[PDB]
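**Student:** A single structure is presented below for examination.
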Amino acid sequence: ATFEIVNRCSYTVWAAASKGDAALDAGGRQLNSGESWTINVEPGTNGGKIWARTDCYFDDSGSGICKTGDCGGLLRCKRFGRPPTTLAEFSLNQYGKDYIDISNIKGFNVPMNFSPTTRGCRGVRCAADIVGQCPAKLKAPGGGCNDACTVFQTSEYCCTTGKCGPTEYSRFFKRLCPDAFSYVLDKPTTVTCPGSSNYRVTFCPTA
């Protein structure tokens, strides 16, 4: 499947794409404002994620650090990135269907629209000013708004027992972005699309 990743933000982001134990395509690239990066993701990919990283520095070997979304210091991510990170998530060709969603379960750093470029389903977006409105206890010095699990590490925020409810903190992400997962057992906002759809991820879709 092809994904076009577009930076509409007025600032540079370093895009990342991983299935958590391997890079998807090159795994990461710098995107200046307005740049597009087209990647190919093998059919059947389960548990893929794409995110933006902010304020990164990399040397000539692609080793460095980012203030949000850092994936063990690499330009080309093999692993998932450090919260806070707005996530585009996807499982492809699962019994003839593709499943996409946006998640705030690992916090928010950059607004995002995640839409099919092919026919037969709709896109999802989280474009509100979550960092601006972030509760003081969730604010990341880095930039970004962390999820409560990352900050407090409780069974309730992390849903570690498989039983947990919405919280003051999850309700905040949900009020600003109703179409993004706000906690692990949130009522699913997954979109089902035709198997082998193609997609576009846009950072700062409103910008």
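Think of each number as a place in line: the chain as shown, counted from 1.
Yeah, the Cβs are placed from backbone N, Cα and C, and that goes for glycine too.
What Swiss-Prot records for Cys9-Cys204, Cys56-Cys66, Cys71-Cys77, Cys121-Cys193, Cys126-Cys177, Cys134-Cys145, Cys149-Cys158, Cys159-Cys164 is disulfide bond.
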**Student:** Checking your reading of the structure: which of the disulfide-bonded residues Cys9, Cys66, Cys204 lie inside a 10 Å Cα sphere centred on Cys149 (disulfide bond)?
**Tutor:** none
**Student:** If I take the Cα of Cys193 (disulfide bond) as reference, which of the disulfide-bonded residues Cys126, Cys145, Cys164, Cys204 has the closest Cα?
**Tutor:** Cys126
**Student:** Relative to the Cβ position of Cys159 (disulfide bond), how many further Cβ atoms are located within 10 Å?
**Tutor:** 17
**Student:** Round to a whole number and give the Cα-to-Cα distance in Å for the pair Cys71 (disulfide bond) and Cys121 (disulfide bond).
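**Tutor:** Cα of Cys71 (disulfide bond) to Cα of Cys121 (disulfide bond) measures 31 Å after rounding.
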**Student:** Same-chain residues six or more away whose CB lies under 8 A from the CB of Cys204 (disulfide bond)?
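**Tutor:** Expected: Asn7, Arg8, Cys9, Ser10, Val110, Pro111, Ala127.
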**Student:** Tell me, if you would, which residue among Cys121, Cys145, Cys177 (disulfide-bonded residues) has the fewest other CB atoms within 10 Å in the structure shown?
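**Tutor:** Ranked by other Cβ atoms within 10 Å, the disulfide-bonded residues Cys121, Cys145, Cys177 bottom out at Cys121.
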